[PDB]
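Numbering (the authors' numbering), first residue to last: 4 to 529.
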Ligand SMILES: *[C@@H]1O[C@H](CO[C@@H]2O[C@@H](C)[C@@H](O)[C@@H](O)[C@@H]2O)[C@@H](O[C@@H]2O[C@H](CO)[C@@H](O)[C@H](O)[C@H]2NC(C)=O)[C@H](O)[C@H]1NC(C)=O
Ligand SMILES: *[C@@H]1O[C@H](CO[C@@H]2O[C@@H](C)[C@@H](O)[C@@H](O)[C@@H]2O)[C@@H](O[C@@H]2O[C@H](CO)[C@@H](O)[C@H](O)[C@H]2NC(C)=O)[C@H](O)[C@H]1NC(C)=O
Ligand SMILES: O=S(=O)(c1ccccc1)n1ccc2c(OCCNCc3ccccc3)cccc21
Ligand SMILES: *[C@@H]1O[C@H](CO[C@@H]2O[C@@H](C)[C@@H](O)[C@@H](O)[C@@H]2O)[C@@H](O)[C@H](O)[C@H]1NC(C)=O
Ligand SMILES: CC(=O)N[C@H]1[C@H]([C@H](O)[C@H](O)CO)O[C@@](O)(C(=O)O)C[C@@H]1O
Ligand SMILES: *[C@@H]1O[C@H](CO)[C@@H](O)[C@H](O)[C@H]1NC(C)=O
Ligand SMILES: *[C@@H]1O[C@H](CO)[C@@H](O)[C@H](O)[C@H]1NC(C)=O
Ligand SMILES: *[C@@H]1O[C@H](CO)[C@@H](O)[C@H](O)[C@H]1NC(C)=O
């Protein structure tokens, strides 16, 4: 199957999925490769090609540091890139139903990874199941990460910041201009993403240049108001300047810094990214989104508070144990290979690691709020408190605040709490329902009966897949056929949310009420 796009013909490949067929176009270029003088710049448009472009394998992933903390361990290596790293990485993928659809709704996936890592070719982002089962079109793109995607000297077009977000935006433009040739409906495009991908989706809701490029949005475990998601212009300058010092590129002409950085091998830039922060946390967002005056016209908290965003429906949610994954990347006493019973002293040191530069009083206030136990003899008390501290502060309370503020301007919002721990999860049981492990259910991997998931997980994934697809198609994440719990709208008053689990799907209210009042209303003052 060959499709004529605006810039040339592309050839795809046929996939067998569940006794049917999906057509995949893997690795279509959507921008000029950002090499040489184009490194650190906004992505430039593609010029035509005259032959057929073979989109039959995933393209290069963008340059990035790799998680080496657990060599040989699937729980960490499943997130590492599975194609060659290259600056030549601005490519996207398209899965379409067979036979070709007539006007299919389009799902555009934006991966996470702290804005420092990630790739669209991971196994858990394979869009072929969604295309097969729901007859939607799935698109995913690679976008630049790390310093190469987010180095910033604001106002300087040699390195303006937010290049990785402009990569994503150019891919959204490509879908608007080209997806009807694949049978897609450019007027029915839903963005979905997880972690930094979800933060990205929320920033497209704020960016005037993305407003005409999509219809609706799904935010899995992230939002821009999360404390890790936006770099201040002061942090960003200190970090750009530190990178230049570390690479021998310090100059008084800021533009000459950039030209010096453009002569370094990518690996020299990657090696020094970790050190631009003096005292950072486990997996620090060294180079992330900034208020650049282009993609982001103002501090996003102000835009959110004053209703300056695309008015549409949103689907937002979080996992039960968002914080646990990060504990084994630096908190003392923690290990994926034992049950990580920690002491009060270790909990206090863990707060030092996750809240550097917070006052002694601020850290005491966290301890005060999280250590007033039901039973103080329970050995797991501090282990579980530290995970909840990290998950509530970094993910759950910001997602809930985002949903409240967004819905106050009149739109329908739906909030979920994912509490199922995958039967195959390679991480230990104390880590629970971790960050990132709803993704395989959203993409329908448990629908493949070969792949060792349980029957209950197939049913759960099937329901989630239908709810997500109904949200994208119709703005309403219901499963209408199988006597399912109806998913109520989230309103700032009642704050109803839907729990997702294999047993009983339930309507609850005011998730983490006490904890989020601490994080949202008190802790920003310290
Ligand atoms: C802003 O940057 C300075 C410089 O950071 C140092 O040099 C970089 C190239 C990199 O290698 C960093 O890891 C270095 O720390 C920071 O100043 C340092 O601050 C720490 C403690 O705050 C101190 O021990 C170092 O001696 C300082 N070094 C210098 C040269 O002043 C500074 O903390 C950074 N952050 C802020 C908010 O200013
Ligand atoms: C759980 O394990 C941690 C980490 O120890 C790891 O696993 C072991 C096989 C051992 O070889 C360690 O070196 C590994 O790093 C234990 O934390 C360590 O505890 C010792 C003594 O208490 C201390 O010297 C180390 O600094 C600790 N490592 C840290 C803080 O990273 C922890 O005690 C184990 N807990 C339980 C309940 O078994
Ligand atoms: O939300 S975060 O900003 C963040 C949250 C809390 C504290 C600090 C930073 N953040 C998330 C991922 C990430 C990153 O890569 C991830 C590499 N492993 C992925 C993984 C997921 C789940 C289990 C095990 C591994 C780099 C930098 C920041 C990151
Ligand atoms: C692009 O692909 C063309 C067709 O290749 C045919 O189908 C693919 C899936 C392979 O299995 C191949 O063995 C078949 O012949 C090629 O003819 C063409 O050379 C390719 N273009 C480039 C630039 O490599
Ligand atoms: C930078 C990079 O990954 N380049 C290319 C790889 C490798 O150079 C070789 O396979 C040797 O390892 O080969 C291709 O020709 C291919 O697989 O069709 C294209 C691909 O982009
Ligand atoms: C696809 O649907 C849109 C409305 O969502 C409509 O305007 C457009 O003409 C349709 N295109 C088709 C059916 O080819
Ligand atoms: C040095 O900075 C000036 C502005 O301060 C700029 O016009 C010039 O292009 C820079 N040098 C080079 C070699 O680009
Ligand atoms: C509804 O239930 C049937 C079995 O009664 C099942 O095969 C089907 O996949 C379910 N549909 C959804 C969308 O969950």
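The beta carbon of each residue, even a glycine, is placed where N, CA and C say it ideally should be.
Asked	Found
Using only CA atoms, which one of 109, 282, 179, 82 lies nearest to residue 33?	179
By Cβ distance below 6 Å, which residues in the same chain neighbour residue 365 in space, the five residues on each side in sequence not counted?	529
Can you name the residues that DSSP bridges to residue 27?	16, 98
Classify residue 201 as helix, strand or coil using the three-state DSSP reduction.	helix
State buried or exposed for residue 449, treating a residue as buried only when at least 16 other CB atoms are found within 10 Å of its CB.	buried
Does the beta-carbon distance from residue 385 to residue 363 come in below 8 Å?	no
Can you find the residues in the same chain that come closer than 8 Å, C-beta to C-beta, to residue 473, ignoring five residues on each side of it along the sequence?	479, 480, 481, 482, 483
At the level of alpha carbons, what is the spacing between residue 430 and residue 286?	18 Å
Quick check on the burial criterion: 16 or more other C-beta atoms within 10 angstroms. Buried or exposed for residue 323?	buried
Confirm the yes/no value for this check: CB of residue 476, any heavy atom of ligand 8, distance under 7 Å.	no
Does the beta-carbon of residue 87, which I'm using as the reference point, lie nearer than 7 Å to any heavy atom of ligand 5?	yes
Could you check which residue in 428, 239, 133, 221 has the C-alpha nearest to that of residue 157?	239
Which residues mark the beginning and the end of the beta strand (DSSP E) in which residue 322 is found?	317-322
Taking 5 Å as the limit, name every residue whose beta carbon sits nearer than that to some heavy atom of ligand 6, in sequence order.	106, 188, 190
Work out the CA separation of residue 299 and residue 209 for me, nearest whole Å.	7 Å
Listed by chain order, which residues have C-beta atoms less than 6 Å from any heavy atom of ligand 7?	256, 258, 259
Return the CA-CA distance between residue 297 and residue 123, expressed in angstroms with no decimal places.	25 Å
For the 8 Å Cβ check, are there 3 or more pairs between the region 78-92 and the region 109-124?	yes
Could you tell me the distance, in whole angstroms, from the CA atom of residue 394 to the CA atom of residue 330?	10 Å
Please list the terminal residues of the continuous alpha helix (DSSP H) segment that includes residue 511.	Residue 511 -> not in any alpha helix (DSSP H); beta strand (DSSP E) instead, spanning 510-512.
Is any heavy atom in ligand 2 found nearer than 7 Å to the beta carbon of residue 74?	no
Using only CA atoms, which one of 277, 215, 242 lies nearest to residue 155?	242
Less than 8 Å between the beta carbons of residue 265 and residue 40, yes or no?	yes
Closer than 8 Å is the cut-off here; do at least three beta carbon pairs connect the region 210-221 with the region 309-319?	yes
Out of 129, 94, 106, which one is the CA nearest neighbour of residue 139?	106
According to the neighbour-count rule (16 or more other Cβ atoms, all chains shown, within 10 Å of its Cβ), is residue 524 buried or exposed?	exposed
For residue 384, is the beta carbon positioned less than 7 Å from some heavy atom of ligand 2?	no
Is the region 20-32 touching the region 58-76, taking contact as three or more C-beta pairs under 8 Å?	yes
For residue 99, count neighbouring C-beta atoms within 10 Å of its own C-beta (all shown protein chains included) and say buried if the count is 16 or more, exposed if not.	buried
Per DSSP, residue 144 is paired with what?	95
Who are the Cβ neighbours of residue 88 in its own chain at under 6 Å, not counting the five residues just before and after it?	64, 66
Which whole-angstrom value is the C-beta distance of residue 279 and residue 246, which I expect to be below 8 Å?	5 Å
Are residue 115 and residue 201 close, meaning C-beta to C-beta below 8 Å?	yes
Within 7 Å: the Cβ of residue 342 and any heavy atom of ligand 2?	yes
I need the boundaries of the beta strand (DSSP E) containing residue 57, first residue and last residue.	55-57
Starting from residue 518, follow the beta strand (DSSP E) in both directions and report where the run begins and ends.	Taken as a continuous stretch (DSSP letters only), residue 518 belongs to no beta strand (DSSP E), being part of the alpha helix (DSSP H) at 516-520.
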